[PDB]
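File shown: work_10.pdb (PDB, C-alpha atoms and all ligand atoms).
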```pdb
ATOM      1  CA  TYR A 448       8.922  64.697  71.275  1.00  0.00           C
ATOM      2  CA  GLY A 449       9.329  62.131  68.538  1.00  0.00           C
ATOM      3  CA  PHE A 450       6.989  62.719  65.696  1.00  0.00           C
ATOM      4  CA  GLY A 451       8.213  59.870  63.579  1.00  0.00           C
ATOM      5  CA  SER A 452       5.935  59.870  60.541  1.00  0.00           C
ATOM      6  CA  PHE A 453       2.359  59.464  59.413  1.00  0.00           C
ATOM      7  CA  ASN A 454       1.548  56.040  58.009  1.00  0.00           C
ATOM      8  CA  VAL A 455      -0.131  56.879  54.700  1.00  0.00           C
ATOM      9  CA  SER A 456      -0.466  55.277  51.273  1.00  0.00           C
ATOM     10  CA  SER A 457       1.825  55.988  48.327  1.00  0.00           C
ATOM     11  CA  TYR A 458       0.047  59.063  46.947  1.00  0.00           C
ATOM     12  CA  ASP A 459      -1.648  60.464  50.038  1.00  0.00           C
ATOM     13  CA  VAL A 460      -1.486  64.181  50.797  1.00  0.00           C
ATOM     14  CA  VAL A 461      -1.815  65.206  54.447  1.00  0.00           C
ATOM     15  CA  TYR A 462      -3.633  68.361  55.511  1.00  0.00           C
ATOM     16  CA  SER A 463      -4.295  69.660  59.004  1.00  0.00           C
ATOM     17  CA  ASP A 464      -7.508  71.135  60.396  1.00  0.00           C
ATOM     18  CA  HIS A 465      -6.683  72.261  63.948  1.00  0.00           C
ATOM     19  CA  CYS A 466      -3.437  74.133  64.547  1.00  0.00           C
ATOM     20  CA  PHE A 467      -2.226  74.750  68.073  1.00  0.00           C
ATOM     21  CA  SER A 468       0.440  77.064  69.433  1.00  0.00           C
ATOM     22  CA  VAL A 469       2.260  76.615  72.723  1.00  0.00           C
ATOM     23  CA  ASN A 470       4.879  78.554  74.653  1.00  0.00           C
ATOM     24  CA  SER A 471       8.575  77.685  74.600  1.00  0.00           C
ATOM     25  CA  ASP A 472       8.612  75.984  78.010  1.00  0.00           C
ATOM     26  CA  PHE A 473       5.745  73.560  77.420  1.00  0.00           C
ATOM     27  CA  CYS A 474       5.877  69.923  78.516  1.00  0.00           C
ATOM     28  CA  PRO A 475       2.945  67.485  78.270  1.00  0.00           C
ATOM     29  CA  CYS A 476       4.544  65.037  80.719  1.00  0.00           C
ATOM     30  CA  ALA A 477       3.323  65.479  84.284  1.00  0.00           C
ATOM     31  CA  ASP A 478       5.460  66.046  87.352  1.00  0.00           C
ATOM     32  CA  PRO A 479       7.092  62.858  88.694  1.00  0.00           C
ATOM     33  CA  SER A 480       6.355  63.730  92.335  1.00  0.00           C
ATOM     34  CA  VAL A 481       2.646  64.713  92.421  1.00  0.00           C
ATOM     35  CA  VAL A 482       1.988  61.311  90.849  1.00  0.00           C
ATOM     36  CA  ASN A 483       3.434  59.901  94.123  1.00  0.00           C
ATOM     37  CA  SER A 484       0.575  61.467  96.108  1.00  0.00           C
ATOM     38  CA  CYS A 485      -2.550  60.732  94.057  1.00  0.00           C
ATOM     39  CA  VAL A 486      -4.611  57.567  93.673  1.00  0.00           C
ATOM     40  CA  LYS A 487      -7.680  58.139  91.515  1.00  0.00           C
ATOM     41  CA  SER A 488      -7.045  58.890  87.814  1.00  0.00           C
ATOM     42  CA  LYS A 489      -3.254  58.839  88.195  1.00  0.00           C
ATOM     43  CA  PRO A 490      -1.281  60.536  85.391  1.00  0.00           C
ATOM     44  CA  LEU A 491       1.767  59.576  83.359  1.00  0.00           C
ATOM     45  CA  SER A 492       4.930  61.502  84.163  1.00  0.00           C
ATOM     46  CA  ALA A 493       8.572  61.754  83.087  1.00  0.00           C
ATOM     47  CA  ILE A 494      11.522  64.144  83.147  1.00  0.00           C
ATOM     48  CA  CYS A 495      11.076  67.407  81.228  1.00  0.00           C
ATOM     49  CA  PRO A 496      14.099  69.337  79.858  1.00  0.00           C
ATOM     50  CA  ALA A 497      16.023  72.277  81.331  1.00  0.00           C
ATOM     51  CA  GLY A 498      13.599  75.170  81.244  1.00  0.00           C
ATOM     52  CA  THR A 499      10.247  73.536  80.607  1.00  0.00           C
ATOM     53  CA  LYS A 500       7.295  73.339  82.984  1.00  0.00           C
ATOM     54  CA  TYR A 501       5.108  70.292  83.671  1.00  0.00           C
ATOM     55  CA  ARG A 502       1.337  69.954  83.616  1.00  0.00           C
ATOM     56  CA  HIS A 503      -0.516  71.363  86.617  1.00  0.00           C
ATOM     57  CA  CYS A 504      -2.831  69.101  88.602  1.00  0.00           C
ATOM     58  CA  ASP A 505      -5.375  70.079  91.241  1.00  0.00           C
ATOM     59  CA  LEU A 506      -5.650  68.046  94.450  1.00  0.00           C
ATOM     60  CA  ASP A 507      -9.435  67.754  94.511  1.00  0.00           C
ATOM     61  CA  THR A 508     -11.286  66.333  97.519  1.00  0.00           C
ATOM     62  CA  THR A 509     -15.027  65.697  97.812  1.00  0.00           C
ATOM     63  CA  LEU A 510     -17.527  63.706  99.862  1.00  0.00           C
ATOM     64  CA  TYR A 511     -17.971  60.871  97.325  1.00  0.00           C
ATOM     65  CA  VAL A 512     -14.397  60.836  95.961  1.00  0.00           C
ATOM     66  CA  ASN A 513     -11.116  61.315  97.869  1.00  0.00           C
ATOM     67  CA  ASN A 514      -7.862  63.060  96.826  1.00  0.00           C
ATOM     68  CA  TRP A 515      -7.701  62.873  93.033  1.00  0.00           C
ATOM     69  CA  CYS A 516      -5.464  64.668  90.546  1.00  0.00           C
ATOM     70  CA  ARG A 517      -7.724  66.861  88.413  1.00  0.00           C
ATOM     71  CA  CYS A 518      -5.384  68.004  85.630  1.00  0.00           C
ATOM     72  CA  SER A 519      -6.074  69.917  82.415  1.00  0.00           C
ATOM     73  CA  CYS A 520      -6.548  68.893  78.755  1.00  0.00           C
ATOM     74  CA  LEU A 521      -9.379  66.430  79.353  1.00  0.00           C
ATOM     75  CA  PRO A 522     -10.697  64.793  77.103  1.00  0.00           C
ATOM     76  CA  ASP A 523      -8.349  66.302  74.531  1.00  0.00           C
ATOM     77  CA  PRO A 524      -7.329  69.760  73.268  1.00  0.00           C
ATOM     78  CA  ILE A 525      -9.527  69.235  70.189  1.00  0.00           C
ATOM     79  CA  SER A 526     -12.744  68.960  72.242  1.00  0.00           C
ATOM     80  CA  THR A 527     -12.038  70.573  75.633  1.00  0.00           C
ATOM     81  CA  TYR A 528     -13.892  73.855  75.295  1.00  0.00           C
ATOM     82  CA  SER A 529     -12.972  75.404  78.585  1.00  0.00           C
ATOM     83  CA  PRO A 530      -9.741  76.388  76.858  1.00  0.00           C
ATOM     84  CA  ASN A 531      -8.107  78.840  79.261  1.00  0.00           C
ATOM     85  CA  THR A 532      -6.515  75.942  81.127  1.00  0.00           C
ATOM     86  CA  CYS A 533      -4.770  73.708  78.559  1.00  0.00           C
ATOM     87  CA  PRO A 534      -1.694  75.523  77.210  1.00  0.00           C
ATOM     88  CA  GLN A 535      -2.123  74.457  73.585  1.00  0.00           C
ATOM     89  CA  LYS A 536      -3.985  77.530  72.350  1.00  0.00           C
ATOM     90  CA  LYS A 537      -5.869  77.294  69.064  1.00  0.00           C
ATOM     91  CA  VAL A 538      -4.554  79.435  66.195  1.00  0.00           C
ATOM     92  CA  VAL A 539      -5.100  80.229  62.519  1.00  0.00           C
ATOM     93  CA  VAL A 540      -2.249  80.279  59.989  1.00  0.00           C
ATOM     94  CA  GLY A 541      -0.918  83.665  58.923  1.00  0.00           C
ATOM     95  CA  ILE A 542       0.411  84.740  55.554  1.00  0.00           C
ATOM     96  CA  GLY A 543       3.839  83.372  54.737  1.00  0.00           C
ATOM     97  CA  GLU A 544       3.944  80.960  57.666  1.00  0.00           C
ATOM     98  CA  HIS A 545       3.301  77.282  58.353  1.00  0.00           C
ATOM     99  CA  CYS A 546       1.036  75.615  60.932  1.00  0.00           C
TER     100      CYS A 546
ATOM    101  CA  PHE B 200      21.598  96.716  64.219  1.00  0.00           C
ATOM    102  CA  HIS B 201      17.956  96.315  63.247  1.00  0.00           C
ATOM    103  CA  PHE B 202      16.611  92.759  63.487  1.00  0.00           C
ATOM    104  CA  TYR B 203      12.957  92.298  62.649  1.00  0.00           C
ATOM    105  CA  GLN B 204      10.542  89.721  61.259  1.00  0.00           C
ATOM    106  CA  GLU B 205       7.570  90.005  58.918  1.00  0.00           C
ATOM    107  CA  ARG B 206       5.439  87.364  57.138  1.00  0.00           C
ATOM    108  CA  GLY B 207       7.903  84.520  57.504  1.00  0.00           C
ATOM    109  CA  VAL B 208      10.929  86.640  56.581  1.00  0.00           C
ATOM    110  CA  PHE B 209      13.768  87.878  58.804  1.00  0.00           C
ATOM    111  CA  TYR B 210      15.439  91.212  58.031  1.00  0.00           C
ATOM    112  CA  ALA B 211      18.804  92.479  59.240  1.00  0.00           C
ATOM    113  CA  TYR B 212      20.168  96.020  58.906  1.00  0.00           C
ATOM    114  CA  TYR B 213      23.483  97.293  60.259  1.00  0.00           C
ATOM    115  CA  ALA B 214      25.779 100.323  60.427  1.00  0.00           C
ATOM    116  CA  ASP B 215      29.291 101.095  61.648  1.00  0.00           C
ATOM    117  CA  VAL B 216      29.877 104.538  60.118  1.00  0.00           C
ATOM    118  CA  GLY B 217      27.099 106.805  61.352  1.00  0.00           C
ATOM    119  CA  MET B 218      23.775 106.349  63.093  1.00  0.00           C
ATOM    120  CA  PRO B 219      21.312 105.257  60.311  1.00  0.00           C
ATOM    121  CA  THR B 220      21.602 101.624  59.259  1.00  0.00           C
ATOM    122  CA  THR B 221      21.684 100.051  55.812  1.00  0.00           C
ATOM    123  CA  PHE B 222      20.324  96.723  54.628  1.00  0.00           C
ATOM    124  CA  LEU B 223      22.413  93.628  55.370  1.00  0.00           C
ATOM    125  CA  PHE B 224      20.271  90.597  54.475  1.00  0.00           C
ATOM    126  CA  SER B 225      16.913  88.845  54.533  1.00  0.00           C
ATOM    127  CA  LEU B 226      16.010  85.212  55.091  1.00  0.00           C
ATOM    128  CA  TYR B 227      12.809  83.221  54.663  1.00  0.00           C
ATOM    129  CA  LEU B 228      11.944  81.038  57.637  1.00  0.00           C
ATOM    130  CA  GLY B 229       8.244  80.187  57.607  1.00  0.00           C
ATOM    131  CA  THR B 230       8.210  80.262  61.430  1.00  0.00           C
ATOM    132  CA  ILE B 231       7.999  82.984  64.090  1.00  0.00           C
ATOM    133  CA  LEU B 232      11.010  83.807  66.235  1.00  0.00           C
ATOM    134  CA  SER B 233      10.021  84.367  69.844  1.00  0.00           C
ATOM    135  CA  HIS B 234      13.132  84.921  71.980  1.00  0.00           C
ATOM    136  CA  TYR B 235      16.667  86.243  71.854  1.00  0.00           C
ATOM    137  CA  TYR B 236      19.743  86.305  74.082  1.00  0.00           C
ATOM    138  CA  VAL B 237      23.062  88.117  74.466  1.00  0.00           C
ATOM    139  CA  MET B 238      25.829  85.742  75.484  1.00  0.00           C
ATOM    140  CA  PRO B 239      28.233  86.380  78.359  1.00  0.00           C
ATOM    141  CA  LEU B 240      31.774  86.877  77.116  1.00  0.00           C
ATOM    142  CA  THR B 241      34.071  84.919  79.432  1.00  0.00           C
ATOM    143  CA  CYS B 242      37.274  86.884  78.972  1.00  0.00           C
ATOM    144  CA  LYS B 243      40.431  87.019  81.080  1.00  0.00           C
ATOM    145  CA  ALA B 244      41.701  90.628  81.309  1.00  0.00           C
ATOM    146  CA  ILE B 245      39.099  93.290  80.519  1.00  0.00           C
ATOM    147  CA  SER B 246      37.837  94.059  84.013  1.00  0.00           C
ATOM    148  CA  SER B 247      38.255  96.908  86.499  1.00  0.00           C
ATOM    149  CA  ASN B 248      41.373  95.410  88.120  1.00  0.00           C
ATOM    150  CA  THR B 249      42.811  95.134  84.593  1.00  0.00           C
TER     151      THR B 249
ATOM    152  CA  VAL C  14      17.598  77.909  80.289  1.00  0.00           C
ATOM    153  CA  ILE C  15      19.114  78.631  76.874  1.00  0.00           C
ATOM    154  CA  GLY C  16      19.598  75.070  75.652  1.00  0.00           C
ATOM    155  CA  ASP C  17      18.699  71.688  77.084  1.00  0.00           C
ATOM    156  CA  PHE C  18      22.005  69.862  76.660  1.00  0.00           C
ATOM    157  CA  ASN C  19      24.649  69.411  79.352  1.00  0.00           C
ATOM    158  CA  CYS C  20      27.872  70.548  77.703  1.00  0.00           C
ATOM    159  CA  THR C  21      29.860  71.316  80.846  1.00  0.00           C
ATOM    160  CA  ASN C  22      28.786  71.808  84.453  1.00  0.00           C
ATOM    161  CA  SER C  23      32.157  72.630  85.973  1.00  0.00           C
ATOM    162  CA  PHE C  24      32.280  75.910  87.957  1.00  0.00           C
ATOM    163  CA  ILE C  25      28.523  76.438  88.173  1.00  0.00           C
ATOM    164  CA  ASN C  26      27.399  79.069  90.682  1.00  0.00           C
ATOM    165  CA  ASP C  27      23.877  77.757  91.114  1.00  0.00           C
ATOM    166  CA  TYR C  28      23.512  78.966  94.710  1.00  0.00           C
ATOM    167  CA  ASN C  29      22.513  82.624  94.488  1.00  0.00           C
ATOM    168  CA  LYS C  30      19.390  84.747  94.391  1.00  0.00           C
ATOM    169  CA  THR C  31      20.745  88.246  93.698  1.00  0.00           C
ATOM    170  CA  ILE C  32      19.454  89.401  90.312  1.00  0.00           C
ATOM    171  CA  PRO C  33      22.051  91.775  88.795  1.00  0.00           C
ATOM    172  CA  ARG C  34      20.579  95.225  88.254  1.00  0.00           C
ATOM    173  CA  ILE C  35      20.979  95.522  84.541  1.00  0.00           C
ATOM    174  CA  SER C  36      21.000  99.218  83.448  1.00  0.00           C
ATOM    175  CA  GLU C  37      18.646 101.692  81.809  1.00  0.00           C
ATOM    176  CA  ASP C  38      18.936 104.490  79.268  1.00  0.00           C
ATOM    177  CA  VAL C  39      16.549 106.660  77.261  1.00  0.00           C
ATOM    178  CA  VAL C  40      16.302 106.375  73.492  1.00  0.00           C
ATOM    179  CA  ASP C  41      16.604 109.656  71.617  1.00  0.00           C
ATOM    180  CA  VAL C  42      15.827 109.521  67.910  1.00  0.00           C
ATOM    181  CA  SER C  43      16.435 113.239  67.455  1.00  0.00           C
ATOM    182  CA  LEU C  44      19.677 112.927  65.454  1.00  0.00           C
ATOM    183  CA  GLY C  45      18.703 109.875  63.397  1.00  0.00           C
ATOM    184  CA  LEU C  46      19.343 107.117  65.919  1.00  0.00           C
ATOM    185  CA  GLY C  47      16.889 104.343  65.161  1.00  0.00           C
ATOM    186  CA  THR C  48      16.238 104.953  61.474  1.00  0.00           C
ATOM    187  CA  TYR C  49      17.402 103.297  58.289  1.00  0.00           C
ATOM    188  CA  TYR C  50      17.633 104.028  54.594  1.00  0.00           C
TER     189      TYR C  50
HETATM  190  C1  LIG D   1       0.647  52.050  59.831  1.00  0.00           C
HETATM  191  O1  LIG D   1       1.886  51.896  60.562  1.00  0.00           O
HETATM  192  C2  LIG D   1       1.766  51.457  61.925  1.00  0.00           C
HETATM  193  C3  LIG D   1       3.169  51.382  62.475  1.00  0.00           C
HETATM  194  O2  LIG D   1       4.050  50.771  61.542  1.00  0.00           O
HETATM  195  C4  LIG D   1       1.044  50.115  61.976  1.00  0.00           C
HETATM  196  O3  LIG D   1       0.866  49.727  63.334  1.00  0.00           O
HETATM  197  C5  LIG D   1      -0.307  50.225  61.284  1.00  0.00           C
HETATM  198  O4  LIG D   1      -0.940  48.953  61.270  1.00  0.00           O
HETATM  199  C6  LIG D   1      -0.137  50.728  59.852  1.00  0.00           C
HETATM  200  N1  LIG D   1      -1.431  50.870  59.204  1.00  0.00           N
HETATM  201  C7  LIG D   1      -1.985  49.902  58.467  1.00  0.00           C
HETATM  202  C8  LIG D   1      -3.331  50.209  57.878  1.00  0.00           C
HETATM  203  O5  LIG D   1      -1.426  48.828  58.283  1.00  0.00           O
HETATM  204  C1  LIG D   2      41.501 100.898  86.727  1.00  0.00           C
HETATM  205  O1  LIG D   2      40.459 101.375  87.606  1.00  0.00           O
HETATM  206  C2  LIG D   2      40.799 101.336  88.999  1.00  0.00           C
HETATM  207  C3  LIG D   2      39.563 101.750  89.762  1.00  0.00           C
HETATM  208  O2  LIG D   2      39.874 102.652  90.814  1.00  0.00           O
HETATM  209  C4  LIG D   2      41.995 102.247  89.255  1.00  0.00           C
HETATM  210  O3  LIG D   2      42.362 102.160  90.626  1.00  0.00           O
HETATM  211  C5  LIG D   2      43.169 101.834  88.377  1.00  0.00           C
HETATM  212  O4  LIG D   2      44.230 102.768  88.533  1.00  0.00           O
HETATM  213  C6  LIG D   2      42.760 101.766  86.901  1.00  0.00           C
HETATM  214  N1  LIG D   2      43.857 101.255  86.093  1.00  0.00           N
HETATM  215  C7  LIG D   2      44.163 101.737  84.886  1.00  0.00           C
HETATM  216  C8  LIG D   2      45.321 101.087  84.195  1.00  0.00           C
HETATM  217  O5  LIG D   2      43.531 102.655  84.373  1.00  0.00           O
HETATM  218  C1  LIG D   3      27.110  67.017  82.809  1.00  0.00           C
HETATM  219  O1  LIG D   3      28.254  66.497  82.104  1.00  0.00           O
HETATM  220  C2  LIG D   3      29.433  66.337  82.909  1.00  0.00           C
HETATM  221  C3  LIG D   3      30.521  65.835  81.989  1.00  0.00           C
HETATM  222  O2  LIG D   3      31.788  66.377  82.331  1.00  0.00           O
HETATM  223  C4  LIG D   3      29.149  65.389  84.073  1.00  0.00           C
HETATM  224  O3  LIG D   3      30.291  65.337  84.921  1.00  0.00           O
HETATM  225  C5  LIG D   3      27.943  65.866  84.871  1.00  0.00           C
HETATM  226  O4  LIG D   3      27.614  64.917  85.877  1.00  0.00           O
HETATM  227  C6  LIG D   3      26.740  66.073  83.956  1.00  0.00           C
HETATM  228  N1  LIG D   3      25.605  66.578  84.711  1.00  0.00           N
HETATM  229  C7  LIG D   3      24.550  65.821  85.026  1.00  0.00           C
HETATM  230  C8  LIG D   3      23.466  66.494  85.813  1.00  0.00           C
HETATM  231  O5  LIG D   3      24.473  64.645  84.688  1.00  0.00           O
HETATM  232  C1  LIG D   4      25.061  85.487  95.969  1.00  0.00           C
HETATM  233  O1  LIG D   4      26.480  85.326  95.766  1.00  0.00           O
HETATM  234  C2  LIG D   4      27.275  86.393  96.311  1.00  0.00           C
HETATM  235  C3  LIG D   4      28.709  86.074  95.969  1.00  0.00           C
HETATM  236  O2  LIG D   4      28.779  85.033  95.004  1.00  0.00           O
HETATM  237  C4  LIG D   4      27.037  86.524  97.817  1.00  0.00           C
HETATM  238  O3  LIG D   4      27.727  87.672  98.299  1.00  0.00           O
HETATM  239  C5  LIG D   4      25.550  86.648  98.129  1.00  0.00           C
HETATM  240  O4  LIG D   4      25.345  86.604  99.536  1.00  0.00           O
HETATM  241  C6  LIG D   4      24.763  85.520  97.467  1.00  0.00           C
HETATM  242  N1  LIG D   4      23.339  85.665  97.727  1.00  0.00           N
HETATM  243  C7  LIG D   4      22.539  84.627  97.994  1.00  0.00           C
HETATM  244  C8  LIG D   4      21.099  84.953  98.252  1.00  0.00           C
HETATM  245  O5  LIG D   4      22.959  83.475  98.016  1.00  0.00           O
END
```
Transcribe the structure of this file into structure tokens.
Amino acid sequence: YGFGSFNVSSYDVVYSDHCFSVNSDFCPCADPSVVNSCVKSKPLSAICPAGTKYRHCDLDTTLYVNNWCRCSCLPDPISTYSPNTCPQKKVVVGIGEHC
Amino acid sequence: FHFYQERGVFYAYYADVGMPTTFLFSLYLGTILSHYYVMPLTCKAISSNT
Amino acid sequence: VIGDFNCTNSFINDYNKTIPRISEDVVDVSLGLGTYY
């Protein structure tokens, strides 16, 4: 997805603190057709590759607010702690392997 | 063939004479392999009509 | 699918739903099949 680089100093060392694992058909871009049906809190979408699956969005309707796309991973995977809904599952590094 | 993974490393065993396999190679990866596939062999004349 | 790069899309039978029945067999390790040195 285009990790380019981390802008750091000359002698900075980078270390992570939260490692996440996904599946092998994971796409953070939303579907480009359910964005053509929602109004409130509209998402960003694009074309995902051959085999991947987009982000799911609920079509929520209430008495104060109309049809809005209630999708996962809000605010962020680092602080959303109803985490059976955003695919980026938290992990811990095993022996011999990288984050 | 045996193909397995353990602690970043990939291990391959093979045999052609007999049933038990012997060690072919190992390879450090640092990652976890999650899927495999057997490719279809588009041949010309191997079929039932051949 | 396998990759995500369009190499060739000539002669693509994309209009089908019949999953090929694959095969089955039973493993039998009784004579050494499945072991190594
Ligand atoms: C780090 O790089 C980005 C992109 O080149 C730039 O926008 C940002 O200002 C840089 N950081 C600093 C402190 O200059
Ligand atoms: C190949 O198999 C078919 C199946 O019935 C049979 O009719 C044919 O004679 C076989 N040909 C050879 C060369 O074995
Ligand atoms: C895939 O590449 C071939 C090149 O021969 C092209 O004709 C075809 O339109 C491409 N497929 C798509 C979906 O663009
Ligand atoms: C799948 O293709 C075969 C031949 O290519 C055909 O006989 C069969 O009806 C097809 N099934 C479907 C659901 O399209």
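One distance worth recording is that between CA of residue 523 in chain A and CA of residue 463 in chain A, which is 16.4 Å.
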Inset, instruction - Pick out the chain A residues within 9 Å of chain C. Count all atoms listed in the file. Give them as a PyMOL selection string. - result: chain A and resi 496-499
Legend entry - Interface list for chain C, partner chain B, 10 Å threshold, only C-alpha atoms, as JSON, numbers by chain: {"C": [15, 42, 44, 45, 46, 47, 48, 49, 50]}
To test your reading of the syntax: which residues would the PyMOL selection byres ((chain B) within 7 of (chain A)) return for the file shown? Reply as a PDB file with C-alpha atoms, in the coordinates of the input.
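Final output, expr.pdb:
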```pdb
ATOM      1  CA  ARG B 206       5.439  87.364  57.138  1.00  0.00           C
ATOM      2  CA  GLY B 207       7.903  84.520  57.504  1.00  0.00           C
ATOM      3  CA  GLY B 229       8.244  80.187  57.607  1.00  0.00           C
ATOM      4  CA  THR B 230       8.210  80.262  61.430  1.00  0.00           C
TER       5      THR B 230
END
```
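Near residue 513 in chain A, within 12 Å and counting all atoms listed in the file, sit residues 484, 485, 486, 487, 488, 506, 507, 508, 509, 510, 516 and 517 of chain A, not including residues fewer than 3 positions from it in the same chain.
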Could you put an axis-aligned box around every listed atom of ligand LIG 4 (chain D), padded by 6 Å on each side, and send me its centre and edge lengths in Å to one decimal, as AutoDock Vina command-line options?
```
--center_x 24.9 --center_y 85.6 --center_z 97.3 --size_x 19.7 --size_y 16.2 --size_z 16.5
```
Legend entry - Output check: residues returned by the PyMOL selection byres (((not hetatm)) within 6 of (chain D and resi 4)), as a PyMOL selection string: chain C and resi 28-31
Legend entry - For ligand LIG 1 (chain D), the nearest of the candidates A:455, A:538, A:449, A:518, counting all atoms listed in the file: A:455
Inset, instruction - Could you check how far CA of residue 209 in chain B sits from CA of residue 228 in chain B, in Å to one decimal? - result: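 Computing it gives 7.2 Å between the two atoms.
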Throw together the list of residues within 10 Å of ligand LIG 1 (chain D), counting all atoms listed in the file, and drop it here as a short mmCIF file (atom, residue, chain, number, x, y, z; two decimals) with C-alpha atoms, keeping the file's coordinate frame.
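Wrote part.cif, looks like this:
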```cif
data_model
loop_
_atom_site.label_atom_id
_atom_site.label_comp_id
_atom_site.auth_asym_id
_atom_site.auth_seq_id
_atom_site.Cartn_x
_atom_site.Cartn_y
_atom_site.Cartn_z
CA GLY A 451 8.21 59.87 63.58
CA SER A 452 5.94 59.87 60.54
CA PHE A 453 2.36 59.46 59.41
CA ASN A 454 1.55 56.04 58.01
CA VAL A 455 -0.13 56.88 54.70
CA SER A 456 -0.47 55.28 51.27
#
```
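Taking all atoms listed in the file into account, every polymer residue with at least one atom at most 7 Å away from ligand LIG 3 (chain D) is listed here: residues 19, 20, 21 and 22 of chain C.
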Inset, instruction - List the residues matched by the PyMOL selection byres (((chain A and resi 490) around 12) and not hetatm) in the displayed structure as a PyMOL selection string, ordered by chain and then by residue number. - result: chain A and resi 475-489+491-493+501-505+515-521
Legend entry - Contacts of ligand LIG 2 (chain D), 7 Å or closer, only C-alpha atoms and all ligand atoms, given as an MDAnalysis selection string: chainID B and resid 247:249
Legend entry - Two-atom distance - CA of residue 233 in chain B, CA of residue 203 in chain B (Å):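 So the two atoms, CA of residue 233 in chain B and CA of residue 203 in chain B, lie 11.1 Å apart.
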Using all atoms listed in the file, find all polymer residues with an atom at most 7 Å away from the point (4.8, 71.4, 73.7); report them as an mmCIF file with C-alpha atoms, keeping the file's coordinate frame.
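Listed below is the output, point.cif:
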```cif
data_model
loop_
_atom_site.group_PDB
_atom_site.id
_atom_site.type_symbol
_atom_site.label_atom_id
_atom_site.label_comp_id
_atom_site.auth_asym_id
_atom_site.auth_seq_id
_atom_site.Cartn_x
_atom_site.Cartn_y
_atom_site.Cartn_z
ATOM 1 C CA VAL A 469 2.260 76.615 72.723
ATOM 2 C CA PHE A 473 5.745 73.560 77.420
ATOM 3 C CA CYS A 474 5.877 69.923 78.516
ATOM 4 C CA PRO A 475 2.945 67.485 78.270
#
```
Inset, instruction - Can you work out which one of B:237, B:216, B:223, B:231 has the shortest atom-to-atom distance to residue 204 in chain B, counting all atoms listed in the file? - result: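 For residue 204 in chain B, the nearest of the given residues is B:231.
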Using the atoms already present, construct N, CA and C atoms for range 31-44 of chain C and hand them back as a short mmCIF file (atom, residue, chain, number, x, y, z; two decimals), in the frame of the given file.
```
data_model
loop_
_atom_site.label_atom_id
_atom_site.label_comp_id
_atom_site.auth_asym_id
_atom_site.auth_seq_id
_atom_site.Cartn_x
_atom_site.Cartn_y
_atom_site.Cartn_z
N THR C 31 20.61 86.82 93.98
CA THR C 31 20.74 88.25 93.70
C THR C 31 20.68 88.45 92.19
N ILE C 32 19.57 89.00 91.71
CA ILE C 32 19.45 89.40 90.31
C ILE C 32 20.35 90.61 90.09
N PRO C 33 21.26 90.58 89.12
CA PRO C 33 22.05 91.78 88.80
C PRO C 33 21.16 92.86 88.22
N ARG C 34 21.21 94.05 88.83
CA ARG C 34 20.58 95.22 88.25
C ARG C 34 21.23 95.52 86.91
N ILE C 35 20.41 95.67 85.87
CA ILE C 35 20.98 95.52 84.54
C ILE C 35 21.60 96.83 84.07
N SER C 36 20.77 97.78 83.64
CA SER C 36 21.00 99.22 83.45
C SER C 36 19.75 99.74 82.77
N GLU C 37 19.65 101.06 82.65
CA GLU C 37 18.65 101.69 81.81
C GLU C 37 19.28 102.86 81.07
N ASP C 38 18.56 103.34 80.08
CA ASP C 38 18.94 104.49 79.27
C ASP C 38 17.66 104.94 78.59
N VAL C 39 17.70 106.10 77.95
CA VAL C 39 16.55 106.66 77.26
C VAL C 39 16.90 106.79 75.79
N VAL C 40 16.04 106.27 74.92
CA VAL C 40 16.30 106.38 73.49
C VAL C 40 15.96 107.79 73.04
N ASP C 41 16.76 108.30 72.12
CA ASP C 41 16.60 109.66 71.62
C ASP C 41 16.81 109.58 70.11
N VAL C 42 15.75 109.75 69.34
CA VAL C 42 15.83 109.52 67.91
C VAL C 42 16.06 110.84 67.19
N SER C 43 16.43 111.87 67.95
CA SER C 43 16.43 113.24 67.46
C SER C 43 17.52 113.51 66.43
N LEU C 44 18.60 112.74 66.41
CA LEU C 44 19.68 112.93 65.45
C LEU C 44 19.74 111.82 64.41
#
```
